[PDB]
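In structure tokens, the next block holds one chain alone, the form deposited in one PDB entry.
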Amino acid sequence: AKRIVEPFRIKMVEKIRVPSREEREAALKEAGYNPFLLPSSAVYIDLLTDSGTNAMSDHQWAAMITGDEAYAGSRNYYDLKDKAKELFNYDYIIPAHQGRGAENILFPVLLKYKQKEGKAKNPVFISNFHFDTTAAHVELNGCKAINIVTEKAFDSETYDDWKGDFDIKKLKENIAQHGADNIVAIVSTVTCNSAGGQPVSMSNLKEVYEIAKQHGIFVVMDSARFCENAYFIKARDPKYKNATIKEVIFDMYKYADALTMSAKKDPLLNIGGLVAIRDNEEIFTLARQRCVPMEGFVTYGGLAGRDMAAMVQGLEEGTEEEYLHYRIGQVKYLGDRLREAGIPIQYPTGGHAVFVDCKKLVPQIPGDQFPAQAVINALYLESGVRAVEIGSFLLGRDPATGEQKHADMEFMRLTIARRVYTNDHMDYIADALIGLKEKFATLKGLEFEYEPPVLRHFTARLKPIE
């Protein structure tokens, strides 16, 4: 495992403490053995997400201080429009309060736009993998969300360069099966979050776009982690070995028609989202019409001016290769610590999170007893670290049958915020999980004390099986 030194220094700190074992036991009991119900004061290191918890630079805060809060025509709106033109070569922008706000703006408009001439009768969206909220807005608008990630992503511990790739064969298959008139849009997710933050290759993005243009299908780039995807393209594609990150980004967005972005991820913000449209002025006008009642007026879109200001600066900082090398390297360092201790992970590590295969850690716990959640709770009790379950607990029940949906994998996700924790915090996490190895065989599963009908993993209360 190799540590990469920060290309920055610390300007401001925030205190975090390890509560005593007695407090953690009491807190987890109060949270119903569900860390999503823990208060942040009960948490030492928070690995729940990489969304909105990043550390900003002094330049970002300075931009916020001089932010323009005007209701219409904020100076920062035009800066943001110019920045999108510089980075992506797209001519239209609509700010949003965050990524799912951007999806709520654009996706219903794409459905209306596809239907306007009498198409989209059995409408579908096709993606390498839809993110959870992305797929939710697809389904809330009466559409089917189809995921066709490459098969290389399902062999978790076997290395591959582009585990986020579309399966090109399955893409052509779905176009023939559903017809180009029913495909509202193709969503290229970069990096592919649901495959574990694994990159999509430039040639895969190019081929997907060429297929979409011959069939007249609109392409949306889900761009939450477009800078981590660009770093991987430079690191693993020989064509871009000597390109700048910005040059990689510019080529990526030749292969889409628009983008939805959570600025809470790679742009290094705590809040914020963005819709950008390449050149389709009609979709831009329709998305503006939906933005006003849903998010706010079209020159701030549910963002404070100071947050559009921070987004302009963060979009620049998020492309800096030295930071990307350190950031993605820190995630790799945590993964390499676990792998060298025999802990099975998804390999290679993605850009923002390490995924630990808990099924191999607690084999005595069946899937319907949430093995990954048992390891997560054990991890919290031992260390104060809070992680999140990507497995049977998250997957939920089948709506028609009421049965536990089958999970292929029982993952514990260790999601790493940007510029927040040191490699010593990474060592603290690894040494905490490694120290559970003799106790894994003794862990018991979990059963429900309270289970809501939908979105159970957020608020359900569990209890240990004794």
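Each form is matched to the other, and the largest set of C-alpha atoms that superpose within 1.5 Å is called the rigid core. Throughout, we count residues from 1 along the sequence that is shown.
From this point on, the text means the form deposited in another entry, which you will not see here.
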item	value
Position with Cα shift of 2 Å or more, rigid core superposed between this form and the one not shown, options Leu395, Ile168, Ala145, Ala235	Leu395
Core-aligned CA displacement of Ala27 at least 2 Å between this form and the one not shown	yes
Shift of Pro366 between this form and the one not shown at or above 2 Å (CA, core fit)	yes
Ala441: Cα shift of 2 Å or greater between this form and the one not shown (core-aligned)	yes
